[PDB]
Amino acid sequence: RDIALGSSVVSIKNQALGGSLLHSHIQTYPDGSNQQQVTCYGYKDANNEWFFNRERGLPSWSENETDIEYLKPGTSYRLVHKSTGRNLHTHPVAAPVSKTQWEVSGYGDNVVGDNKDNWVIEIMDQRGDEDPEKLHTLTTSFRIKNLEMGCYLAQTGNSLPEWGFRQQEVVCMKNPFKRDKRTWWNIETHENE
């Protein structure tokens, strides 16, 4: 089953050395924007779960919708943390450890937020033979670009301070090289219905 808008709940794994799972929780940044932390995490738990929602300002996905909408590279989506309902978010705020990159946070909901909540998928590799323009669990590698800031979601390899449970720093990288695997991700788990 290809990944769908709204109904697909996924975990998302980073492909650099020591890369792990995109993660959030209710604790906030002590400096920076003071918004909700986003990290990478080395174990499997429900705080690794995300789903894709429509771009800011369009109708939120509803289970009452009858048609399935498969994710498309190049389309703007929000990436929503399932346990907290916050949107993956960035902005021109320095990251907590990689001070030359941008902080990535969880922000707002279906009402609260703005166009900095819009992200765009770019497929970098398909090892399978399925539709090369769709996302497939495990076998599709992709980058996740913030549309407004132009930067790429990345796990830097830095550990956070104790205030982030010593989890892995996530930033939005400015002008990375295309093959930088800190910016490459895959769907690691997929549950739908």
# chains A, B, ... in the order shown; residues from 1 in each chain; ligands from 1

call {"tool": "residues_around", "arguments": {"residues": "residue 17 (chain A)", "least_positions_apart": "2", "cutoff": "8 Å", "atoms": "only C-alpha atoms", "output": "list in words"}}
result
residues 15, 19 and 157 of chain A

call {"tool": "write_last_selection", "arguments": {"atoms": "N, CA and C atoms", "output": "PDB file, in the first residue's frame"}}
result
ATOM      1  N   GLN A  15      18.821   8.355   7.251  1.00  0.00           N
ATOM      2  CA  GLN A  15      19.714   7.417   6.576  1.00  0.00           C
ATOM      3  C   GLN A  15      21.198   7.687   6.791  1.00  0.00           C
ATOM      4  N   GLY A  19      21.631   7.260  12.054  1.00  0.00           N
ATOM      5  CA  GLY A  19      20.316   7.855  11.847  1.00  0.00           C
ATOM      6  C   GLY A  19      19.234   7.054  12.557  1.00  0.00           C
ATOM      7  N   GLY A 157      23.253  14.293  13.847  1.00  0.00           N
ATOM      8  CA  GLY A 157      24.199  13.431  14.533  1.00  0.00           C
ATOM      9  C   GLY A 157      24.600  13.968  15.890  1.00  0.00           C
TER      10      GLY A 157
END

call {"tool": "select_by_dssp", "arguments": {"residues": "chain A", "states": "strand (DSSP E)", "output": "MDAnalysis selection string"}}
result
chainID A and resid 8:14 21:28 36:41 50:54 76:81 87:94 102:107 119:126 140:146 152:159 168:173 185:192

call {"tool": "closest_residue", "arguments": {"among": "A:21, A:53, A:97, A:177", "to": "residue 40 (chain A)", "atoms": "only C-alpha atoms"}}
result
A:21

call {"tool": "residues_around", "arguments": {"residues": "residue 137 (chain A)", "least_positions_apart": "2", "cutoff": "8 Å", "atoms": "only C-alpha atoms", "output": "PDB file with C-alpha atoms, in the first residue's frame"}}
result
ATOM      1  CA  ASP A   2       1.461   3.358  -1.072  1.00  0.00           C
ATOM      2  CA  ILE A   3       1.496   6.100   1.535  1.00  0.00           C
ATOM      3  CA  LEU A 135       6.144   6.729  -1.640  1.00  0.00           C
ATOM      4  CA  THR A 139      12.148   1.142  -0.265  1.00  0.00           C
ATOM      5  CA  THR A 140      11.721   4.871  -1.102  1.00  0.00           C
ATOM      6  CA  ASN A 186      12.603   6.580   4.463  1.00  0.00           C
ATOM      7  CA  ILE A 187       9.256   5.365   5.773  1.00  0.00           C
ATOM      8  CA  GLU A 188      10.180   2.735   8.386  1.00  0.00           C
ATOM      9  CA  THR A 189       6.690   1.591   9.499  1.00  0.00           C
ATOM     10  CA  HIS A 190       3.247   2.080   7.975  1.00  0.00           C
TER      11      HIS A 190
END

call {"tool": "closest_residue", "arguments": {"among": "A:83, A:98, A:183, A:62", "to": "residue 122 (chain A)", "atoms": "only C-alpha atoms"}}
result
A:183

call {"tool": "residues_around", "arguments": {"residues": "residue 181 (chain A)", "least_positions_apart": "3", "cutoff": "10 Å", "atoms": "only C-alpha atoms", "output": "MDAnalysis selection string"}}
result
chainID A and resid 14:17 19 141:143 154:156 176:178 184:185

call {"tool": "atom_distance", "arguments": {"atom1": "CA of residue 48 (chain A)", "atom2": "CA of residue 95 (chain A)"}}
result
20.7 Å

call {"tool": "residues_around", "arguments": {"residues": "region 49-52 of chain A", "least_positions_apart": "2", "cutoff": "9 Å", "atoms": "only C-alpha atoms", "output": "number ranges by chain"}}
result
A: 4-12, 22-24, 45-47, 54, 61, 71, 77-83, 85, 189

call {"tool": "residues_around", "arguments": {"residues": "residue 96 (chain A)", "least_positions_apart": "3", "cutoff": "9 Å", "atoms": "only C-alpha atoms", "output": "short mmCIF file (atom, residue, chain, number, x, y, z; two decimals) with C-alpha atoms, in the first residue's frame"}}
result
data_model
loop_
_atom_site.label_atom_id
_atom_site.label_comp_id
_atom_site.auth_asym_id
_atom_site.auth_seq_id
_atom_site.Cartn_x
_atom_site.Cartn_y
_atom_site.Cartn_z
CA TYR A 29 12.88 24.17 23.72
CA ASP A 31 15.74 28.77 24.28
CA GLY A 32 15.22 29.29 20.55
CA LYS A 99 23.97 26.98 15.41
CA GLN A 101 21.19 25.69 10.84
CA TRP A 102 17.53 26.34 11.66
CA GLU A 103 15.54 25.05 14.64
CA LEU A 160 20.76 17.28 22.59
CA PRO A 161 21.30 18.48 26.19
CA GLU A 169 19.09 17.03 17.27
CA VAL A 171 17.43 20.85 12.17
#

call {"tool": "select_by_dssp", "arguments": {"residues": "region 14-173 of chain A", "states": "helix (DSSP H, G or I)", "output": "PyMOL selection string"}}
result
chain A and resi 46-48+115-117+162-164

call {"tool": "write_last_selection", "arguments": {"atoms": "N, CA and C atoms", "output": "compact mmCIF listing (two decimals), in the first residue's frame"}}
result
# COMPACT_ATOMS: atom_id res chain seq x y z
N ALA A 46 5.18 5.22 20.35
CA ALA A 46 4.12 5.92 19.62
C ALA A 46 4.48 7.37 19.32
N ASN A 47 5.46 7.95 20.04
CA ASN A 47 5.88 9.30 19.74
C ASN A 47 6.72 9.37 18.46
N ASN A 48 6.97 8.23 17.79
CA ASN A 48 7.56 8.26 16.45
C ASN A 48 6.52 8.38 15.35
N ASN A 115 2.24 29.27 6.77
CA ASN A 115 2.80 28.55 5.63
C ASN A 115 4.17 27.94 5.92
N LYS A 116 4.79 28.25 7.08
CA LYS A 116 6.05 27.57 7.41
C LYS A 116 5.79 26.12 7.81
N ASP A 117 4.52 25.72 7.89
CA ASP A 117 4.18 24.32 8.15
C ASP A 117 4.12 23.47 6.89
N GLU A 162 20.40 17.58 28.28
CA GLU A 162 19.47 16.82 29.11
C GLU A 162 18.06 17.33 28.97
N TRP A 163 17.89 18.64 28.67
CA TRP A 163 16.52 19.15 28.54
C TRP A 163 15.78 18.57 27.34
N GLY A 164 16.47 17.89 26.41
CA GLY A 164 15.86 17.18 25.29
C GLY A 164 15.96 15.67 25.48

call {"tool": "residues_around", "arguments": {"residues": "region 107-110 of chain A", "least_positions_apart": "4", "cutoff": "8 Å", "atoms": "only C-alpha atoms", "output": "JSON, numbers by chain"}}
result
{"A": [35, 36, 56, 60, 85, 86, 87, 88, 89]}

call {"tool": "write_last_selection", "arguments": {"atoms": "N, CA and C atoms", "output": "short mmCIF file (atom, residue, chain, number, x, y, z; two decimals), in the first residue's frame"}}
result
data_model
loop_
_atom_site.label_atom_id
_atom_site.label_comp_id
_atom_site.auth_asym_id
_atom_site.auth_seq_id
_atom_site.Cartn_x
_atom_site.Cartn_y
_atom_site.Cartn_z
N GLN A 35 9.24 26.58 21.27
CA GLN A 35 8.18 25.71 20.78
C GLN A 35 8.49 24.25 21.11
N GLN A 36 7.58 23.37 20.72
CA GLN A 36 7.73 21.95 21.04
C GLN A 36 8.96 21.34 20.36
N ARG A 56 -1.28 23.97 4.54
CA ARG A 56 -1.90 25.01 5.35
C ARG A 56 -3.01 25.73 4.57
N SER A 60 -8.70 20.05 6.30
CA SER A 60 -7.99 18.99 6.98
C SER A 60 -8.54 17.65 6.51
N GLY A 85 -0.45 16.19 17.94
CA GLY A 85 -1.21 16.92 16.92
C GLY A 85 -0.52 18.14 16.38
N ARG A 86 0.75 18.37 16.73
CA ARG A 86 1.46 19.56 16.26
C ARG A 86 2.00 19.36 14.86
N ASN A 87 2.19 20.48 14.14
CA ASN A 87 2.77 20.45 12.79
C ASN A 87 4.28 20.56 12.87
N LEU A 88 4.97 19.75 12.08
CA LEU A 88 6.40 19.96 11.86
C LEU A 88 6.60 21.36 11.29
N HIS A 89 7.56 22.10 11.85
CA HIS A 89 7.60 23.55 11.68
C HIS A 89 9.04 24.01 11.65
#

call {"tool": "atom_distance", "arguments": {"atom1": "CA of residue 168 (chain A)", "atom2": "CA of residue 37 (chain A)"}}
result
10.7 Å

call {"tool": "closest_residue", "arguments": {"among": "A:75, A:27, A:146, A:158", "to": "residue 92 (chain A)", "atoms": "only C-alpha atoms"}}
result
A:146
